[PDB]
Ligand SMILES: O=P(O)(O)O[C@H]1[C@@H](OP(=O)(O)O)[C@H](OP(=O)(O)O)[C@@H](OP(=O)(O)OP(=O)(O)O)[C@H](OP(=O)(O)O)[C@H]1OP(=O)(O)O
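Quick heads-up: it's one chain on its own, the form deposited without the named molecule, in structure tokens.
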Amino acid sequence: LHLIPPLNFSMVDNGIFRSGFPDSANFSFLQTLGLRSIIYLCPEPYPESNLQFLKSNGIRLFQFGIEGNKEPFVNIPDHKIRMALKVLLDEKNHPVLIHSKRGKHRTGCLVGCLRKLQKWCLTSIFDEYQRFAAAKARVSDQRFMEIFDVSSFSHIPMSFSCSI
């Protein structure tokens, strides 16, 4: 039994995955996903180990650096989540792994905003967010999803989804 998914790994939808920061012990597992893209939500430069894996495997890196603040000093930039959603909604980029450091907060917000576009009720979105964030669930992350304006996205169709 040799495959090690990255921290807090899960399948979000057809072609869409979420996790925390992969390390070299996770690379054999990530190869099984046939990734085209990574959406990386931290500002820090990608380590050389991770860069060599991306290059070797023909994976494109999309970096939308969101500062990692703890409650009650969380202030998620709307523009970075919007730019990341535009990448996520283009099926040419699939399969895509979304990751941050822990796969709980920045990752959880992007996934929750996707669920809002998929017409999930807020309590269902928050329950999924909480399943990953567990004892580190942030009310501010859920408030961000509560007020995120989906108006600019209404036209973008999601025929990729398992949910039509």
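Residue numbers here begin at 1 and follow the sequence given.
> For the C-alpha atoms alone, is the average B factor greater in 136-144 or in 11-19, going by the entry?
Comparing 11-19 with 136-144, the higher average CA B-factor belongs to 136-144.
> For the C-alpha atoms alone, is the average B factor greater in 65-73 or in 47-55, going by the entry?
65-73 has the higher mean C-alpha B-factor.
> Per the entry's values, where does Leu1 land by CA temperature factor relative to the rest of its chain, in the lowest, middle or highest third?
Within its chain, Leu1 is a highest-third residue by C-alpha B-factor, going by the deposited values.
Separately, the form deposited with the named molecule bound exists; it is not shown, and the next lines address it.
> Scan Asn69, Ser28, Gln118, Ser56 and let me know which has any heavy atom within 4.5 Å of the named molecule in the deposited complex.
Here the answer is residue option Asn69.
> Only one of 31-39, 118-126, 104-112, 48-56 has heavy atoms within 4.5 Å of the named molecule in the deposited complex; I'd like to know which.
Comparing against the named molecule in the deposited complex, the contact stretch is 104-112.
> Indicate whether the named molecule has at least one heavy atom within 4.5 Å of a heavy atom of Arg60 in the deposited complex.
No - in the deposited complex, heavy atoms of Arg60 and the named molecule never come within 4.5 Å of each other.
> Is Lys136 one of the residues lying within 4.5 Å of the named molecule in the deposited complex, judged by heavy atom distances?
Yes, contact at 4.5 Å.
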